[PDB]
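This is what each chain is made of:
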Amino acid sequence: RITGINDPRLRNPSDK
Amino acid sequence: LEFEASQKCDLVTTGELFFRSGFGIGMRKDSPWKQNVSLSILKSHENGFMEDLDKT
Amino acid sequence: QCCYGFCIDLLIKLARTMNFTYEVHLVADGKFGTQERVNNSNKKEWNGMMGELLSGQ
Amino acid sequence: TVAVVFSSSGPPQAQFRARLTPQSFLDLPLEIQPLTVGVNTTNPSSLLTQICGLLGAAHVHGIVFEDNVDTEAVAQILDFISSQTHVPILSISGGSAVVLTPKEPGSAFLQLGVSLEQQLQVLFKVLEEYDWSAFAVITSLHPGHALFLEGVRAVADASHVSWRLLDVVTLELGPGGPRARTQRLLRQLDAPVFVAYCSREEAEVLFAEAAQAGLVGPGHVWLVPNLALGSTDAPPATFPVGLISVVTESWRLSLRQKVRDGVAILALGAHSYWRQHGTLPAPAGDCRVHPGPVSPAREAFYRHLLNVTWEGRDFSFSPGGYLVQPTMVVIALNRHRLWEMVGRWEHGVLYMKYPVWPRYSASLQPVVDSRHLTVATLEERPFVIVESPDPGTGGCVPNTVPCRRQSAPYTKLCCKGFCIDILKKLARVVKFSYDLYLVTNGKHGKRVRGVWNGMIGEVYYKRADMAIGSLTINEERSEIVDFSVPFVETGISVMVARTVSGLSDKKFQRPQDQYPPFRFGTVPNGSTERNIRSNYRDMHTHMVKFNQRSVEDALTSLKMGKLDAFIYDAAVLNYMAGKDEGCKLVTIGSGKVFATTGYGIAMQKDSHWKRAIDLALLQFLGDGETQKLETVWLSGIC
Ligand SMILES: *[C@@H]1O[C@H](CO)[C@@H](O)[C@H](O)[C@H]1NC(C)=O
Ligand SMILES: *[C@@H]1O[C@H](CO)[C@@H](O)[C@H](O)[C@H]1NC(C)=O
């Protein structure tokens with residue numbers, strides 16, 4: 001779920 | 001709300017909290033008792049007495 | 001090369017009514033265009049399609 | 001061969017012999033024979049006659065100048081001589097080494113100095129680091145003031161901050177004039193920073209008048225270019241203590257050393273010419289005949305003579321005969337009327353001897369501004385993050401604050417985080433100013449027989465006024481250090497592998513199980529360990545064999561299988577399980593929090609701010625900005 005407000009995968013950077 | 005909801009019956013709490021705040025004793029401006037009261041409250045928190053009191 | 005599409009049809013329709021004559025040439029850098037600070041200077045410079053317009057190209 | 005000329009000092013006969021002596025000092029890749037001359041007085045005819053006779057009867061290739069009592073209108077004659085006879089010269093000292101901007105076209109002067117705008121850049125650099133931004137400009141009626149007034153406005157638009165200018169005044173500060181008008185003009189001003197451009201006599205007159213009209217006390221600050229300040233070895237009266245200037249490298253060398261540097265530059269230029277063509281060009285010194293259209297040979301030699309390096313000191317000359325990219329040094333008047341270095345400048349980054357501008361007084365006891373304080377903290381990943389400044393532009397990325405890990409020499413890191421944002425907002429609302437420095441000793445606090453280390457110690461011994469960061473509240477700390485209201489609530493929590501029903505579970509209450517003995521965390525010398533020991537003796541006894549380096553190695557050990565349970569703070573632990581390799585988890589959750597307390601801003605006892613900044617924290621907590629900070633800095637995936 002790539003939301004527009006803030007995604008934790010997007011807010012906190014990941015590896016993949 | 002959380003006491004009565006789990007206490008009596010048939011009532012539910014919606015979601016969770018949104019605006020968080022505490023409870024505290026009230027005293028008149030610059031009264032000479034506040035420091036000792038706070039030192040007692042912190043000691044109570046560290047003992048576990050507010051824990052024993054809480055379950056009760 | 002040869003170009004065609006949405007904006008080209010718009011350009012033909014635009015040129016018809018106003019009688020100007022176009023000479024279409026593509027971009028050099030290939031970037032849409034931003035503002036950049038060239039090193040050793042604070043005077044900002046426009047890079048990309050926004051520069052080719054501003055200079056006079 | 002080379003030439004050397006002196007002027008207007010204590011008669012340097014012994015120095016002349018010392019310069020003449022080393023005909024083969026061997027430190028230069030050449031063996032050009034040195035010689036010397038010397039003029040008794042400085043004048044047009046005298047200088048012309050001596051130089052013309054010398055080079056016309058000596059067949060010299062290069063000549064090095066040495067200045068005098070610091071009178072003006074001397075460099076012009078040398079530029080004239082160079083333009084006529086096509087003989088390159090070089091100045092090293094004194095008033096002749098002041099940049100003559102539009103030099104003659106075909107000449108070669110090569111005077112070592114710094115232009116006015118380049119010399120103003122360092123001033124606007126030192127203004128940036130202390131963030132004064134007052135800009136009260138004063139310039140006398142001098143032939144070069146039109147250039148200074150334009151250069152300041154040019155550099156004003158080549159920097160980030162707005163540089164709010166206040167007032168620019170030109171006043172007749174010559175020998176003869178109406179003192180009353182300038183008295184009235186100077187008495188009517190208000191700005192905490194002044195920048196003035198005058199000459200030495202004009203500087204003395206201006207500073208005497210300013211001292212008369214109350215603008216020299218501990219409140220205001222002055223900055224002057226190197227054209228003023230005179231000798232640099234005889235500061236006169238009425239010069240305010242704290243006067244700042246920027247002089248170039250070699251403001252303390254000897255005359256003989258500077259002549260040696262000049263001969264080294266000439267020798268290196270000639271040698272580098274040989275490595276291309278292989279001969280020193282013949283002289284052209286027909287002073288009486290005055291011949292010469294454009295000459296390509298000497299033109300090539302001069303073009304080759306521009307750039308040069310020497311064991312750390314690089315002397316790269318611009319087309320205009322002033323060197324570019326030097327290592328300027330800032331100087332200031334110490335409290336005993338003696339010039340002293342304050343800040344270096346190498347490759348576009350400024351340094352400072354002090355983290356604050358030390359500010360003096362009439363009786364010379366230094367004072368600290370009321371709206372100022374020193375804040376301490378240290379590293380905790382969710383809340384305080386330290387980053388070295390990037391090699392982009394010297395300064396740190398915006399929305400970050402300069403911070404230093406003290407221990408005299410310093411490296412300026414910058415700090416970013418949660419409590420740092422809180423501090424920025426507090427500085428914006430309570431109208432105060434701060435400097436932030438990290439701690440060296442033990443992380444948070446302890447009492448090894450009254451020797452309190454950490455931020456708590458730094459506050460208790462009156463070396464700081466606050467201590468912000470991951471600092472919990474408990475009874476023993478609040479005895480000696482005050483506290484504000486909490487803004488992030490924590491406690492004790494247990495992290496396990498993705499098995500226990502609380503602290504009072506027999507697995508922790510009874511360390512008498514045979515096959516499996518459970519394992520614990522307890523980063524020592526910390527917040528929780530005190531409570532754990534003082535309330536449970538047996539757990540403390542059995543807890544010696546526990547991993548203890550950081551909140552970093554414990555995660556690895558838990559993921560490996562050398563530990564069975566971790567006990568630590570809540571706000572850091574539950575965040576550490578936010579973005580993890582997979583999903584390791586804790587027990588039931590926020591329902592398992594023990595000794596629920598919060599973080600707090602430590603302060604000195606009976607501090608007038610405490611009440612000032614408790615209300616601001618309550619106001620911030622009220623309207624929900626703290627929740628925005630929480631969702632910006634305290635969010636995870638799992
Ligand atoms: C506060 O407590 C201290 C000891 O903790 C006691 O000495 C003092 O008298 C108390 N002050 C008041 C006003 O009760
Ligand atoms: C500049 O420095 C280079 C490097 O040694 C040298 O070869 C050259 O002659 C110098 N002068 C010019 C004009 O390039």
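Note on numbering: residues are counted from 1 along each chain in the order of its written sequence, which can differ from the entry, and residues with no coordinates are hidden. The order in which chains are written sets their letters, starting at A; the order in which ligands are written sets their numbers, starting at 1. As shown, the structure covers only some chains of a larger assembly, and all values describe those chains. Computation of side-chain values covers all heavy atoms of the structure but excludes hydrogens and water. Residues with missing side-chain atoms are left out of burial classes, side-chain pairs and their counts.

- The deposited coordinates, according to the entry record, derive from cryo-EM at 3.72 Å resolution.

Here we look at the overall build of chain D
Consideration 1: Each helix is a run of H or I in the DSSP string that is no shorter than four residues. Each strand is a run of E no shorter than two, and both are numbered from the N terminus. Scanning chain D for helices and strands turns up 18 helices and 26 strands.
Consideration 2: Radius of gyration: C-alpha atoms only; globule rule: 2.2 Å multiplied by the number of residues to the exponent 0.38. The C-alpha radius of gyration computed for chain D amounts to 34 Å, which surpasses the reference 26 Å derived for 638 residues by more than 25%, pointing to a less compact arrangement than a globule.
Consideration 3: Structurally, chain D occupies a C-alpha span of about 110 × 65 × 45 Å along its principal axes.

Considerations on the pattern of salt bridges
Consideration 1: A pair is scored as a salt bridge if a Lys or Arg side-chain nitrogen falls within 4 Å of a carboxyl oxygen belonging to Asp or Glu. Across the pair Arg20 of chain B and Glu489 of chain D runs a salt bridge whose closest N-O atoms are separated by 3.1 Å. With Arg20 of chain B in the loop between α1 (2-7) and α2 (34-47) and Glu489 of chain D in strand β23 (residues 489-495), this residue pair bridges two chains.
Consideration 2: Across the pair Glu204 of chain D and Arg200 of chain D runs a salt bridge whose closest N-O atoms are separated by 3.7 Å. Residue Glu204 of chain D and its partner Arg200 of chain D are both found in helix α7 (residues 200-212); the two are separated by 4 residues, about one turn of the helix.

Remarks on the state of the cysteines
Consideration 1: Whenever a pair of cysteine sulfur atoms sits within 2.5 Å, that pair is classed as a disulfide. Paired through a disulfide, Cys52 of chain D and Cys287 of chain D show a sulfur-sulfur distance of 2.0 Å. Measuring the twist about the S-S bond at about 80°, one finds the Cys52 of chain D-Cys287 of chain D disulfide to be right-handed. A residue pair is termed long-range when its members are at least 10 positions apart, and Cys52 of chain D in helix α2 (residues 44-58) and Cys287 of chain D in the loop between α8 (255-274) and α9 (296-305) qualify at 235 residues.
Consideration 2: Shown here is the disulfide that connects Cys583 of chain D with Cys638 of chain D, its sulfur atoms set 2.0 Å apart. Of note, the bridge from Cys583 of chain D to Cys638 of chain D carries an S-S torsion of about 120° and is right-handed in sense. A residue pair is termed long-range when its members are at least 10 positions apart, and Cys583 of chain D in the loop between α16 (570-576) and β25 (594-598) and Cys638 of chain D in the segment after α18 (625-633) qualify at 55 residues.
Consideration 3: Across chain D, the disulfide pattern expressed with sequentially numbered bonded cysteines is 1-2, 3-5, 4-6, 7-8.
Consideration 4: No disulfide involves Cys2 of chain C; its sulfur sits 6.7 Å from the nearest other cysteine sulfur, which is in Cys3 of chain C.

Examining the sheet that holds strand β26 (residues 602-603) of chain D
Consideration 1: What makes two strands pair is DSSP finding at least two bridges between them. Spatially, β17-β19-β18-β20-β16-β21-β26-β22 (chain D) is the arrangement adopted by the 8 strands of the open sheet, whose pairing is mixed. Edge positions in the sheet fall to β17 (384-387) and β22 (482-483) of chain D, since each has one partner strand and no second.

Some thoughts on the interface of chain B and chain D
Consideration 1: Contact definition: two residues touch when any of their heavy atoms are within 4.5 Å. Taken together, the contact between chain B and chain D spans 11 residues of the former and 13 residues of the latter.
Consideration 2: For the side of chain B that touches chain D, the per-class residue count stands at 4 nonpolar, 3 polar and 4 charged. Only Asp, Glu, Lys and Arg are considered charged, only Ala, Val, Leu, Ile, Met, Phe, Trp, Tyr, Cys and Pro nonpolar, and every remaining residue, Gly among them, polar.

A closer look at the pairing of strand β6 (residues 167-171) of chain D
Residue and element names in this part refer to chain D.
Consideration 1: Taken together, the 5 bridges between strand β5 (residues 136-140) and β6 define a ladder with parallel strand orientation. Within the sheet, the bridge partner assigned to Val137 lies in β6 and is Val168.
Consideration 2: Tracing the backbone out of β5, into helix α5 (residues 145-156) and back to the parallel element β6 gives a crossover that is right-handed. The handedness of a crossover follows from its direction of travel: if, with the strands pointing away from the viewer, the path from the first strand over the helix to the second runs clockwise, the crossover is right-handed.

Thoughts on the packing of aromatic side chains
Consideration 1: For the ring pair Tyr130 of chain D and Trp132 of chain D, a centre distance of 5.3 Å and an interplane angle of 50° mean the geometry is tilted.
Consideration 2: In summary, the pairing rule links any two rings of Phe, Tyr or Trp, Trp by its six-membered ring, whose centres are within 6.5 Å, and it sorts them by plane angle into stacked for under 30 degrees, edge-to-face for over 60 and tilted for everything else. Joined through ring pairs, the aromatic side chains of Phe194, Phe207, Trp222 and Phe239 of chain D make up one cluster.

Focus: α2 of chain B
Because an α-helix completes one turn every 3.6 residues, residues spaced three or four positions apart along the sequence face the same direction.
Consideration 1: Any helix carries an expected span of 1.5 Å times its number of residues minus one. Taking 1.5 Å per residue as the helical rise, α2 of chain B with its 14 residues ought to reach 20 Å, and the 20 Å between its terminal C-alpha atoms agrees with that figure.
Consideration 2: Looking one or two residues beyond α2 of chain B, the residue adopting positive phi is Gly48 of chain B, at roughly 100°.

Quick word on unusual backbone geometry
Consideration 1: Of note in the backbone geometry, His86 of chain D takes a positive phi value of approximately 60° without being a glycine.
Consideration 2: Locating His86 of chain D in the fold gives a position in the loop between α3 (75-85) and β4 (89-90).

So, the UniProt feature "binding site: L-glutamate" in chain D
Residue and element names in this part refer to chain D.
Consideration 1: UniProt positions are given in the numbering used here, feature names are shortened, and annotations may be inferred rather than shown by experiment. UniProt feature "binding site: L-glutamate": in the numbering of this structure it lies at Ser470, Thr472, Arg477, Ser527, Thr528 and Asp569.
Consideration 2: By the element assignment, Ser470 lies in the loop between β21 (466-467) and β22.
Consideration 3: Those residues in contact with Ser470 that sit more than four places away from it in its chain are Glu380, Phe383, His444, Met455 and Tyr599.
Consideration 4: Mapped onto the elements, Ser527 comes out in helix α13 (residues 527-535).

So, the packing of α8 of chain D against α9 of chain D
Residue and element names in this part refer to chain D.
Consideration 1: To get an axis, a line is fitted to the C-alpha atoms, and for a helix only the part in contact is used. The angle between two axes follows their N-to-C directions and goes from 0 to 180 degrees. Running from N to C, α8 and α9 cross one another at 120°; their axes reach a closest spacing of 9 Å. Between α8 and α9, the interaxial angle falls into the category oblique. The two elements α8 and α9 meet at a crossing, and its hand is right-handed. Contacts between α8 and α9 involve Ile265, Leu266, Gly269, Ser272 and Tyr273 on the former and, on the latter, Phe301, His304 and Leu305.
Consideration 2: Taken together, the residues that form the contact of α8 with α9 break down as 5 nonpolar, 3 polar and no charged. For classification, angles of less than 35 degrees are called roughly parallel, those exceeding 145 degrees roughly antiparallel, those between 65 and 115 degrees roughly perpendicular, and all remaining angles oblique. Helix crossings fall into two classes, left-handed where the near helix is turned counterclockwise from the far one by less than a right angle and right-handed where it is turned clockwise.

Section: the sheet that holds β25 of chain D
All names here are of chain D.
Consideration 1: Across the sheet, 3 strands lie side by side as β24-β23-β25; this open sheet has antiparallel pairing. Two strands lie at the open edges of the sheet, namely β24 (566-569) and β25, each paired on one side alone. Taken over all neighbouring pairs, the strand axes of this sheet differ in orientation by 25° on average, direction set aside.
Consideration 2: As judged from the 4 bridges shared by β23 and β24, these two strands associate in the antiparallel manner. Looking at the pairing, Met495 lines up with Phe566 of β24.

Some details on the environment of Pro235 of chain D
Residues and elements named next belong to chain D.
Consideration 1: Here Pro235 lies in the loop between β8 (222-223) and β9 (244-247).
Consideration 2: Residues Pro235 and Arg337, 102 residues apart in the sequence, show an inter-C-alpha distance of 7.0 Å.
Consideration 3: For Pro235, the contacting residues outside a window of four places in its chain are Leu333, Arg337 and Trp339.

Comments concerning the UniProt feature "disulfide bond" in chain D
Consideration 1: The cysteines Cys52 of chain D and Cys287 of chain D that UniProt joins by a disulfide are bonded here; their SG atoms are 2.0 Å apart.
Consideration 2: For the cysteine pair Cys583 of chain D and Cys638 of chain D, annotated in UniProt as disulfide-bonded, the sulfur atoms lie 2.0 Å apart, consistent with the bond being present in this model.

What about the arrangement of the chains?
Consideration 1: Here 3 pairs of chains are in contact, and chains B and D lead that list by number of contacts.
Consideration 2: The two partners chain A and chain B share no contact, and the minimum distance between any of their C-alpha atoms is 18 Å.
Consideration 3: What separates chain A from chain C at the closest point of their C-alpha atoms is a distance of 24 Å, and the two make no contact.

Quick notes on the pairing of strand β2 (residues 44-47) of chain C
All names here are of chain C.
Consideration 1: Where strand β1 (residues 34-37) lies against β2, 4 bridges are found, and the strand directions are antiparallel. When the bridges of β2 are listed, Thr34 appears paired with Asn47.
Consideration 2: Hairpin connection, β1 to β2: the antiparallel pair is bridged by 6 residues, and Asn40 has positive phi, about 65°.

A few points about the packing of α2 of chain D against α3 of chain D
Residues and elements named next belong to chain D.
Consideration 1: Closest axis-to-axis distance for the α2/α3 pair is 11 Å, and the angle between their directions is 35°. Viewed along their axes, α2 and α3 form a crossing whose handedness is right-handed. On the side of α2, the interface is formed by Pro44, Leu47, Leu48, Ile51 and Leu55, while α3 contributes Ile77, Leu78, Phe80, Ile81 and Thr85.
Consideration 2: Residue classes in the contact of α2 with α3 are distributed as 9 nonpolar, 1 polar and no charged.

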